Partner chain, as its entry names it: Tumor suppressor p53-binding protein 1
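Okay, so here's just one chain, in structure tokens, the form solved without its partner chain.
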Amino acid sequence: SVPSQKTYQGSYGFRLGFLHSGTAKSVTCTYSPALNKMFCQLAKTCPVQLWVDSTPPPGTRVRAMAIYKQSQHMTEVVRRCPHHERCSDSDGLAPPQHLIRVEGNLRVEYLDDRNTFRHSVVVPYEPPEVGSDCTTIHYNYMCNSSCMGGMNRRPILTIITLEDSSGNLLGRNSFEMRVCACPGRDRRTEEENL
């Protein structure tokens, strides 16, 4: 079956925030509120902000999972193309088939679900650093949207679930993802069709 993508703020008032980076040619990662769509270059830092009304307990965990947006493709597992799967860009932690990685977190953990075969990456929730109102996770996407043998120009969603130490759903949110060479231009072009 297909993982739930239904928004759920839950007890702790869980929602996602994004940097306001604009669409200049030099930008590596930019978000479109209009499309609720993130545009990142291959393997480059993709900051996602966790916002809460109340601090969840210690041992709370944040999980990222990719699915295909279109109904006909939803049952197919999102994974890296054979080319990117084979290439030597391994960090020693991430499985080579996994699209979504986390950088600068040695407590990162990766799951091949034994039932659904779905890929996900999970880190411990940490409260905001002193002088901050949200928690930032740096994701890396390791395959282009245009990759034949992979996503093959098919739109994907990233599902961020907040869960406790025992794996109970606390909150869920989602955003569309495109991995492309010129994020600035592509966002500006996709917003032009409004």
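Numbering follows the first chain given and starts at 1.
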(Q) Please compare 32-40 with 141-149 and name the stretch with the higher mean C-alpha B-factor in the deposited structure. (A) 141-149
(Q) Tell me which stretch, 88-96 or 104-112, has the higher mean Cα B-factor listed in the entry. (A) 88-96
Q. Once the chain's modelled residues are ordered by C-alpha B factor and cut into thirds, is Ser54 in the lowest, middle or highest one?
A. highest
Q: Taking the chain's C-alpha temperature factors as the reference, tell me which third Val130 falls into: lowest, middle or highest.
A: highest
Q.
Among the modelled residues of this chain, does the Cα B factor of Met74 put it in the lowest, middle or highest third?
A. highest
Q.
Looking at the temperature factor on the CA atom of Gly167, which third of the chain's modelled residues does it land in?
A. middle
